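One chain comes next, on its own, written as structure tokens: the form deposited in one PDB entry.
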């Protein structure tokens, strides 16, 4: 009603305050114009008691606001000015339905904002609800962002249950690594968890490495292992890539994994890949020249020339050059061997 009146001429109630809303918070918070009023007031006010004047009403109506298209923004703003006592009341208002809020488009942003802002005891209280639904939650279109947020903002020892969920069955890190949302959880885990946690997670990735490497989402998991795994992980991967260079290079997704090995590898890593690329089986064209005729592997050769040492390049040039005008015959060869003219002049 005051809402319906304020909507008429908004800049005509320019002296409206937060405590003039104190019975209409629900209607205001669920209204496009009303929620923008509340937010603009919370951001401009330097008055703790005006802000707290509707806070009791935000708490009382929280469960109806957290998954509202406009109310979720209102609830979130009340994490921006508290300390623990103010954060604890908010968390209590929602804690019991956190298992559902994590799956919801709007309410999941309240859960993320809470983890962003509240102290660690309160974070752990939110995670204790997530424990119940964590497997579903990891690969939910909404739930994965809450799990990602947990891994980024909570110390590693209190997300152990998330890591143990990735390891809950033999096929779980595979299942997660090929899921469009699950794969982001795996990547956050490789970025932020302790080596005690990432070791068995990476161990499982190695077991089904080829499959994950050529999956449209798993290839990012493998790339994150190359960057965030141990020196011994990079060695097991470069070694396997080198031994199967042509097969990795000629497939859509796994070709990016070689490029990552080239980009992040040390000199001896690059040496093993160039070595495999230049081996000439007594009855065949060298692997590198075949790679240059392939829709994906030609980009891998280009990445090679760009990242390897001059002496490793010399080995490539001396193996390619007895076969070039034979390569211009091929489709896009003109543009392929032109991008490499820099190294043939």
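Positions refer to the first chain, counted from 1. In this text, rigid core is short for the largest set of C-alphas that superpose within 1.5 Å between two forms.
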item: Selected stretch [higher average CA B-factor]: 130-138 or 82-90; value: 82-90
item: 310-318 set against 65-73, stretch whose average Cα temperature factor tops the other in the entry; value: 310-318
item: Given 231, 191, 100, 179, the residue at which the Cα B factor reaches its maximum; value: 231
item: Chain-relative CA temperature factor third for residue 203; value: lowest
item: For residue 264, the third of its chain into which the C-alpha B factor falls; value: highest
item: Modelled-residue ranking by C-alpha temperature factor, third containing residue 175; value: lowest
item: Residue 55, C-alpha B-factor rank within chain (lowest, middle or highest third); value: highest
item: Within-chain third of residue 300 by Cα B-factor, per the entry; value: lowest
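Omitted here: the form deposited in another entry. The next part is about that form.
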{"query": "Residue showing a 2 Å-or-more C-alpha displacement between this form and the one not shown once the rigid core is overlaid, selected from 232, 96, 83, 120", "finding": "83"}
{"query": "Residue shift check between this form and the one not shown, rigid core fit, residue 48 Cα at least 2 Å", "finding": "yes"}
{"query": "Core-superposed comparison between this form and the one not shown, residue 338 Cα displacement 2 Å or beyond", "finding": "no"}
{"query": "Residue 314 C-alpha moves between this form and the one not shown by 2 Å or more, core aligned", "finding": "no"}
{"query": "In that other deposited form, shift in Cα separation for residue 257 relative to residue 280, 3 Å or more", "finding": "closer"}
{"query": "Outcome for the Cα pair residue 226, residue 280 in that other deposited form, compared with this form (closer or farther; change of 3 Å or more)", "finding": "closer"}
